[PDB]
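Q:
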Amino acid sequence: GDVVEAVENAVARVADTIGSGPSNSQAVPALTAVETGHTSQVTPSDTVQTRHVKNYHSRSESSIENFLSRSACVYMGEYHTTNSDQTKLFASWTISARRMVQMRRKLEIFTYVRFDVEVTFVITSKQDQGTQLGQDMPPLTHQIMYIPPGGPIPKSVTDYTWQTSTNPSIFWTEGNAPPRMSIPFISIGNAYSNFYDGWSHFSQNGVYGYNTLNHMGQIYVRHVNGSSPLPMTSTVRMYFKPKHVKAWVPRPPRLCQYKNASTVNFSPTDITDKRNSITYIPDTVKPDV
Amino acid sequence: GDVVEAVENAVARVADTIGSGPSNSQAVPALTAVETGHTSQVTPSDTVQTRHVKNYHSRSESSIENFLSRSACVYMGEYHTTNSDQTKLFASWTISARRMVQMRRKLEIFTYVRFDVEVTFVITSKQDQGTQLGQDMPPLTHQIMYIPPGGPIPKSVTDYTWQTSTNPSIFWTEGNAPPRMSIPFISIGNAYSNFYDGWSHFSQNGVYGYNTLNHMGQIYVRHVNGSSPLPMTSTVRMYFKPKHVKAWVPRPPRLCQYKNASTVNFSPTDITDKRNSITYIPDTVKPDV
Amino acid sequence: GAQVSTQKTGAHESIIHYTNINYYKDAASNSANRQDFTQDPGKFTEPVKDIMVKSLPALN
Amino acid sequence: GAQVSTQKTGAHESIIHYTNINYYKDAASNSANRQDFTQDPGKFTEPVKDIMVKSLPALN
Amino acid sequence: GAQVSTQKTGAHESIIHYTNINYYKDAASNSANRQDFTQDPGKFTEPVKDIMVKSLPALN
Amino acid sequence: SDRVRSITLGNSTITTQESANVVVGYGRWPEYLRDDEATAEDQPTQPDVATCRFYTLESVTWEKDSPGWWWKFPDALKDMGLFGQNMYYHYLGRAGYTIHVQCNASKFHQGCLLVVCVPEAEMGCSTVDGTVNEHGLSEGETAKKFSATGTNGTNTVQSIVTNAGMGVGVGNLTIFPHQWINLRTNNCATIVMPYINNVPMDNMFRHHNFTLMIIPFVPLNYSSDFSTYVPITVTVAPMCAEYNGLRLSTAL
Amino acid sequence: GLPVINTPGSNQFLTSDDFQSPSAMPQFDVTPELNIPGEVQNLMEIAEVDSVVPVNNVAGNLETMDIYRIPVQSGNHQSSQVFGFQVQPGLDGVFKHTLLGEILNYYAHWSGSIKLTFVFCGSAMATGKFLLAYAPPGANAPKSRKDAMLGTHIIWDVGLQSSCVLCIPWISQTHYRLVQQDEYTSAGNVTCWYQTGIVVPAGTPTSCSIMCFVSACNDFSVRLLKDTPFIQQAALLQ
Amino acid sequence: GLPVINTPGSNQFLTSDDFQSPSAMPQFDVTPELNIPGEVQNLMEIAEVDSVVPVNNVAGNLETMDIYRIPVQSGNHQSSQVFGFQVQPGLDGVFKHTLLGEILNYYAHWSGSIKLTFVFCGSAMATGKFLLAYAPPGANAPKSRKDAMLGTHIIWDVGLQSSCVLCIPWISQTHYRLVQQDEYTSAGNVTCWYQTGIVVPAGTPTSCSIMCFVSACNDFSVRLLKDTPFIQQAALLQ
Amino acid sequence: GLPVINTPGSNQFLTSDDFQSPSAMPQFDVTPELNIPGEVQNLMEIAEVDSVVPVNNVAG
Ligand SMILES: NCCCCCCCCCCCC(=O)O
Ligand SMILES: NCCCCCCCCCCCC(=O)O
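Residue numbers (the deposited numbering), protein chains in the order written: chain A, 1 to 289; chain A', 1 to 289; chain D, 3002 to 3014, 3023 to 3069; chain D', 3002 to 3014, 3023 to 3069; chain D'', 3002 to 3014, 3023 to 3069; chain B, 1010 to 1261; chain C, 2001 to 2238; chain C', 2001 to 2238; chain C'', 2001 to 2060. A prime marks a further copy of an entry chain.
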């Protein structure tokens, strides 16, 4: 069907257990050759006598759409209402889903993915700690601005650049529902690439990996009231919920912890946990030993 | 019919009183044998002369759906905006309807129940008492996160775990309507079991009762602004409204008070209240004695 | 694609109905079935094989 | 110009559907396709040319 | 499944009506019947058996 | 008369010349598990006659002051012939039962017993903040005894009849399948219980599907009635027993 | 943007509201329904079942099986009334913790006829006739059999049919009575008397017990949900 | 203005909600779709693929290719059990980091039959028969071949067909088991024994390895999404 | 999400408004209506009834 539509029937039922009786033949379903690279299609009924079971179990929650389509925090940063640093008056990062692991490991199960994204922002502010704490600051209004690669970059909370005549921006005031919007599949290519065993330069050097393929611009966020007698500080959290998904060439789930955002680097890590012996099976069922 | 649908006609009328006159026969409706385990089906017209009454009374409000389908507090806890304990910075419990009695006694009238649940949360915050009370804290935004059994558990208000790439979470800001959502029938079994005269271990030991059957995960809730110059404290209250209900094998209503959440334990308690004598009937109707 | 059914009757012996549309993809999201009123006391008050006519002795 | 399709079935073995209308000009704005359930394990579990009947030897 | 009826006429001697849909399951939730205008003074001003024609004496 | 009655299961037959009726579950006769209700996929064993027949448990004595007695159920039949053997060898089991409580006295004796099958009779501890024992719960055949006063002791069930070990009003145990044995009119009680649980099958050692309680409400009494010995005997017969998940036998 | 006005009520949380809500688990595949015996559908199904009435709820019997036994005996005791009690199904000790009573306590209004089944538990050789009377409100409880027989009553003959049913027909000025009954919604009393003493042959006990069961008839209903007075707590971990 | 009431839930942000939202890039022309090989559609497609089980996850093998080798040998070792392990696909070390295991860890419930494929990697001149047994829960692990053969099992004859499949049929009281398994949702164990020792001609190695692969059958499904225990971080720039 | 604009008046409480509202007692079975004599329908029915005028409303 069309993977852009918000409706589409059909139950995802698993297989019924076919009733099976005794057998004496040359059929040898339980004997295969794993060398071929084929995974055996044996079901219980091929190796034991089974009853018939009408199975209603469905695989609805393990569909790629339902697995990825849940908002995940992919970034968080702070900025102050007032400070001497100018820089600390606004936040900015470079769009990517590589800075928070949960989301990253989920995506990295697939080599390529294509999708629209529902972005939701959760912004909070707190009054900074100090000796004098009394003030009456009106509601804070924030501005989130997206700068596609190549656009002029803000240099202060009051730069002309925040005019957003063309960059898309969101103005939001505290106390209301978190801001939200959909972004289409924005790639230069036919699918976003999660891994790239390649370089940026033709001479097989330059930058290696995911980074050379990125370049989706950055986000800048600042307060608009711009002031507060006493210092305050806000935290902006951004969430991604992919929707209308397509994925290709699955790969094993990341086993070693991530070391940084630009690389696939890792330290050698254990295949799994140890146990006492290759025959160790704990004894449950005892008058409690 | 289909017990998942929000509409379905038919009046639940009680029985009309059939008009009855004088009788002299071998009919002996008022004489039965209670030993059979059968409850007599006698109506007024079988034992006295009755007029005819067209009765319009309906049993609508005593249908299982209307009896259980009202939000009930099933839990309440506190957490602080700021403290030295880290632990006191977020709240967490294990889902169950066994910690508040009203709801519990209602459910326990049935041995098994099956239903979807409408969960509504009421969150409130107060400023803690102290010598200095002046501050200007922006609106508090909370995060409620559900952790199905087996998911990683938060260890501080700033644990990576709150990224909820997959656990479902709710972000809500004070002043708005209480947060709410529906949860489907989530059991591993065919009906939630309210009583279990059994064990967890096959050797007839381990844990006894309701608990071995539970395991529906837990809830964690924390503030997101994370700060406040002066200490504040919030209370989270969770309400359950079962809907789309089915119930089986009714049992007597709990008579003795509940002693704890994990057991059915009780102290011996009176069958009912005493009165003076087996013939005592107070005299109303007197020029006031 | 909506449904119209009748309201529970109030303060008096066509405008006595309402309309509803479901906006969610899961049945769990729907409202309660407060209008279904079946009943079967028998399971409990009379679970005896051998039908007791009771107007007759019940023993004998 | 709306669409009616069925809800995912819940707590029981016509009012089991919902209606939806799209209010935006871009497909990106639409909700997720949580109801599409296709499947093709073959790409991965059995990418062998020469069909393996497996009830037969697999070699020989 | 809605109802259309007329509005109370205002500031002048088709667009003089409104539409309503009931969203609740109980009649109690409905709005008031501000448009019902019956009347029967008789119960009170003339509860005499023996019809008084009054253009005639009333006694005699 | 309809007081007369006979029942045959396997190589066994019961008779009464003074029955009331026969109570059937919640109106449901036992049935074998249907394909559209099953999860365990292996072929079941259905021993039939070898297993679905009358087993008689050790009798108890009704004394002028007996508070009552109880038995937990799949456990209790665990040593009864092939029904028990099939229990030991399988992970999952399912069965219904015909329960026949017998108690005869004389036209000059009097007393009244409530005979009930309580599904899922989770019991409370004597020590309020302690937990029970499997021993405090059941002793197989034999039978635990209710008590006329509050009990103490760690692990034992708080057994004052008055609260039926469950924290309710004993006089309300009638919402459960039951019959009464009123000596003046009746000499036995018969209840057919269907399998009741929130899963299609279950392990028979780990879970007591239901408890049989015999509680005298009007006490035994008589005169120079050279019969002071009035026993009560419980005979039960599994119905439609089927088992799944065969392997080595469970550790006693 | 479609024009809208928020009405009073917006943003409130009413315990008994009834709206749709987003599911936090989109497309969850619920486990298949299983046909368990004993499905309950209306609490009245429970109230229609007999349960034993603690008629002898006298001080000292509150925790013993006696509270359920009505004492009756051989010899001349006619003047002696066997028992009596008010008809307040949801309020008087005799009924409140009954199956019918516990249910009534989750509601504020009730209406309907009630069945009182009396079962004789003496020896089979015992004999006797009793008069079971119900008096609608307006006068004080009958103080003699003469006064009691002027109201609704059955004369019960002990025989092979061990049980007798006294049905209390619904007689009231109003369609409903408060479960928390007051004098305005009074329902009267039922009293019991020897109609002709208990006679017995030699060698049999000269005293026995009569038990009493209560249940609702099919014209019975309840309204206006409320919490029960019967359950409470001082703190959580309940 | 059309009359409206806001219901509880208004203005909340539920992670798993599913609503329409304005696009911040009106009319953006997305790049054409390209038909890439290997499209995945349901995580179960991955769980249905065999992956190598680290059966020999003994201390000291945690980072060496041995953890994947089950040691077997010539000579008399019948009494000696070849291996054994619990059937907790999402929890026990033997399975949790498997393709099937990693997937199960993103869910809280599972159900279905499992395939265990065993492949013999000795010389072609090697010979032998093994007994592969699965015991449903309720007793302790078989301690001898006698006890093991009383449960579900195949007798595997090493030959030209290098591999043998032991399928673990779904046998459970419940339709589902917790991935975070407890005793209540126990699934039993599988153990392996020499059915008739490994015989070999002269000039060939007297010991070899057997490998074990796991994969889900077609009656397998999972429910209730949750985060994995397996990945974490102490700070951003992740 | 369907696009909406709140108009002046939103959230006010006008004494004489006339809107639907959720019932706090879903499915309550109201007691049957009874035909009582003397039903009033418009206050004018009362004003149309003679009443005695205190014409001699003099001090004292
Ligand atoms: N104001 C929001 C700007 C959003 C642009 C987001 C582009 C997200 C692309 C998702 C990329 C994930 C990946 O590399 O797989
Ligand atoms: N964020 C809400 C998570 C809700 C899961 C609730 C599951 C409720 C199950 C109701 C159980 C009641 C019973 O044991 O009978």
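The beta carbon of each residue, even a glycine, is placed where N, CA and C say it ideally should be.
Kindly say whether residue 1972 (chain C'), judged by its beta-carbon, lies nearer than 9 angstroms to any beta-carbon of chain A.
A: Given that chain C' is displayed from residue 2001 to residue 2238, the structure contains no residue 1972 (chain C') and the question cannot be resolved.
Q: For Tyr2194 (chain C), tell me which candidate among C:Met2065, C:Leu2014, C:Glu2033 and C:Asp2157 has the shortest Cα-Cα distance.
A: With distances taken between Cα atoms, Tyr2194 (chain C) lies closest to C:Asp2157.
Q: Cβ closer than 8 angstroms: which chain C'' residues qualify as neighbours of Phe2019 (chain C')?
A: Ordered by position in chain C'', the residues that pass the 8 angstroms Cβ test against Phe2019 (chain C') are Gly2001.
Q: Could you pull out every residue in the same chain whose Cβ sits closer than 6 angstroms to the Cβ of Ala3003 (chain D''), ignoring the five residues on either side in sequence?
A: Excluding residues within five positions, the ones whose Cβ falls inside 6 angstroms are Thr3028 and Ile3030.
Q: Start and end of the beta strand (DSSP E) containing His80 (chain A)?
A: Counting along the chain, the beta strand (DSSP E) containing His80 (chain A) begins and ends at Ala72 to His80.
Q: Would DSSP call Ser156 (chain A) helix, strand or coil?
A: Looking at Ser156 (chain A) - three-state DSSP - the assignment turns out to be coil, as it is neither helix nor strand.
Q: Which whole-angstrom value is the C-beta distance of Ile64 (chain A') and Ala247 (chain A'), which I expect to be below 8 angstroms?
A: That belief holds up - the Cβ atoms of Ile64 (chain A') and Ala247 (chain A') are roughly 5 angstroms apart, short of 8 angstroms.
Q: Since I believe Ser2010 (chain C) is in contact with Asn2006 (chain C'') (beta carbons under 8 angstroms), could you give me their beta-carbon distance rounded to a whole number of angstroms?
A: Not really, about 10 angstroms apart at Cβ, beyond 8 angstroms.
Q: Taking C-beta pairs closer than 8 angstroms, name the residues in chain C' that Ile2005 (chain C) reaches, listed in chain order.
A: Ordered by position in chain C', the residues that pass the 8 angstroms Cβ test against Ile2005 (chain C) are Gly2001, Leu2002, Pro2003 and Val2004.
Q: Beta-carbon of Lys3034 (chain D) versus every beta-carbon of chain C'': anything under 9 angstroms?
A: Cβ-Cβ to chain C'' under 9 angstroms: no for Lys3034 (chain D).
Q: Which residues mark the beginning and the end of the beta strand (DSSP E) in which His2153 (chain C) is found?
A: First-last of the beta strand (DSSP E) with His2153 (chain C): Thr2152 to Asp2157.
Q: Which residues in the same chain as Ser3006 (chain D') place their Cβ atom closer than 8 angstroms to its Cβ, once the five residues preceding and following it in sequence are excluded?
A: Within the same chain, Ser3006 (chain D') has close Cβ partners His3026, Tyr3027, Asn3029 and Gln3044.
Q: Answer with buried or exposed for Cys2121 (chain C'), where buried requires no fewer than 16 other C-beta atoms within 10 angstroms of its C-beta.
A: By the 10 Å Cβ count, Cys2121 (chain C') comes out exposed.
Q: For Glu1129 (chain B), which of helix, strand or coil comes out of DSSP?
A: In this structure, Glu1129 (chain B) counts as coil in the three-state DSSP scheme.
Q: With which residues is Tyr146 (chain A) paired in a DSSP beta bridge?
A: Paired residue(s): A:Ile219.
Q: Considering only DSSP beta bridges, list what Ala2135 (chain C) is partnered with.
A: In DSSP, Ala2135 (chain C) forms a bridge with C:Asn2189.
Q: With which residues is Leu2178 (chain C) paired in a DSSP beta bridge?
A: In DSSP, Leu2178 (chain C) forms a bridge with C:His2109.
Q: Answer yes or no: the CB of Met145 (chain A') versus the heavy atoms of ligand 1, is any distance below 8 angstroms?
A: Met145 (chain A') Cβ: outside cutoff for every heavy atom of ligand 1.
Q: Return helix, strand or coil for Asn3039 (chain D), following the three-state DSSP convention.
A: In this structure, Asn3039 (chain D) counts as coil in the three-state DSSP scheme.
Q: At which residues does the beta strand (DSSP E) containing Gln1094 (chain B) begin and terminate?
A: Segment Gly1090 to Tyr1098 is the alpha helix (DSSP H) holding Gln1094 (chain B); no beta strand (DSSP E) there.
Q: At what residues does the alpha helix (DSSP H) containing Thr1220 (chain B) begin and finish?
A: No alpha helix (DSSP H) holds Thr1220 (chain B); the beta strand (DSSP E) holding it covers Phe1219 to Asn1230.
Q: Hey, quick one: how far does the alpha helix (DSSP H) through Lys3034 (chain D'') stretch, first residue to last?
A: Unbroken run through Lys3034 (chain D''): none, as it is neither H nor E.
Q: Does ligand 1 have even one heavy atom less than 8 angstroms from the beta-carbon of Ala2024 (chain C')?
A: Indeed, a heavy atom of ligand 1 lies less than 8 angstroms from the Cβ.
Q: Check whether chain D' comes within 9 angstroms of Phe2028 (chain C), counting only Cβ atoms and requiring the distance to be less than that.
A: Answer yes: the Cβ-Cβ gap between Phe2028 (chain C) and chain D' drops below 9 angstroms somewhere.
Q: Measuring straight from C-alpha to C-alpha, what distance separates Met2149 (chain C) and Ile2168 (chain C)?
A: One C-alpha to the other measures close to 15 angstroms.
Q: Would you say the beta carbon of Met100 (chain A) is closer than 8 angstroms to some non-hydrogen atom of ligand 1?
A: For ligand 1, not one heavy atom lies less than 8 angstroms from the Cβ of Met100 (chain A).
Q: Would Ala191 (chain A) pass as a contact of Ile2036 (chain C') if the rule is Cβ separation under 9 angstroms?
A: Their beta carbons are under 9 angstroms apart, which means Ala191 (chain A) touches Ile2036 (chain C') by this criterion.
Q: Which residue or residues does DSSP assign as beta-bridge partners of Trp1080 (chain B)?
A: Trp1080 (chain B) pairs with B:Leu1221.
Q: Can you give me the Cβ contacts of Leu2225 (chain C') inside the same chain, cut-off strictly under 7 angstroms, excluding the 5 residues immediately before and after it?
A: Excluding positions up to five away in sequence, the list reads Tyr2106 and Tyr2107.
Q: Which residue marks the beginning of the alpha helix (DSSP H) containing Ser234 (chain A'), and which one marks its end?
A: Note, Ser234 (chain A'): premise wrong, no alpha helix (DSSP H); beta strand (DSSP E) at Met232 to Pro250.
Q: Can you look up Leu1123 (chain B) in the DSSP assignment and give me helix, strand or coil?
A: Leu1123 (chain B) falls in the strand class under three-state DSSP.
Q: Where does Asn1172 (chain B) sit, in a helix, a strand or coil, going by DSSP?
A: Of the three classes helix, strand and coil, the one that applies to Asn1172 (chain B) here is helix, per DSSP.
Q: Taking Cβ to Cβ, would you say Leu68 (chain A') is nearer than 9 angstroms to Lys106 (chain A')?
A: Yes.
Q: Flag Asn2035 (chain C) as yes if its beta-carbon sits less than 9 angstroms from any beta-carbon of chain C', otherwise no.
A: Not an interface residue.
Q: Any heavy atom of ligand 2 inside 8 angstroms of the beta-carbon of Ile183 (chain A')?
A: Yes.
Q: What in chain B is Cβ-close to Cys256 (chain A'), meaning under 7 angstroms?
A: Correct list: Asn1172 and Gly1176.
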